[PDB]
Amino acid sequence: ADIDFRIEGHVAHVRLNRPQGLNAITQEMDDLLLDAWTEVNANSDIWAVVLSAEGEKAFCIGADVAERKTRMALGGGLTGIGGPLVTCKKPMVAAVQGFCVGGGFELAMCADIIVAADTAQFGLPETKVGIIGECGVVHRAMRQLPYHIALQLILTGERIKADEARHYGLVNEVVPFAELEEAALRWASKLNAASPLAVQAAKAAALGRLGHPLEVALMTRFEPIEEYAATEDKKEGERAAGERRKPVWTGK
């Protein structure tokens, strides 16, 4: 299948699996990705997602260039470009090798944490090839890179390498290709060593008020945070601190 989806303990692996097309996303892959995000959001055993891709040449080069009765945003909904935005409420680590361009770059930018192989190259080549539609593949770059660096990518369509991405904090870690799966899994293990409902709430709060004035943010009541107060994990955090031991999270 062109998307490989597996649940291993509390980690869901969503893996692009069409290396013969440099993992360009077909309409069928978008269907399978949408099924994955739905399951990821609905299943309380899934605490984190690793988004990855098969092969060495490319994580993802964007959409595969007819024709659908429903609007589907690129990445099974996840980009919100071309259709309704789907939000993945679990923390996500993207493991990126090789080319990560256009819609593929946008997709990686939907992740929370990004670990790149030292072969990774990021870019937005749409202007350079003369394509632009919908809202543009430009809004995440403006929020995740320094202003003039984002504009450089968006307007020239030239790529930047893993080291430069790391330098600006677009990516959290750069490793040799051989170490990419293990590195991604170390990050998922860190995310799942924290209280998973608290991690989810923190993500929802951070991102849900990111483009608002700070004062508006600070006065926001976020439902996942409200609901955390009634959880077993919340009680487990107090018990464990009171008994000077490590908490054991259950995800409820």
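One rule holds for the numbers: they count along the sequence shown, beginning at 1.
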Missing residues, deposited sequence, between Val65 and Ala66 (class: none, 1 to 3, 4 to 9, 10 or more): 1 to 3
Comparing 144-152 with 124-132, the one whose average Cα B-factor in the PDB entry is higher: 124-132
Stretch with the higher entry mean CA B-factor, where the candidates are 155-163 and 68-76: 68-76
Cα B factor band for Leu33 (lowest, middle or highest third within the chain): middle
Chain thirds of CA B-factor: placement of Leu170: lowest
Chain thirds of CA B-factor: placement of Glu223: middle
Assigned third (lowest, middle, highest) for the C-alpha B factor of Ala58: middle
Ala48 - which third its CA temperature factor falls in, relative to the rest of the chain: middle
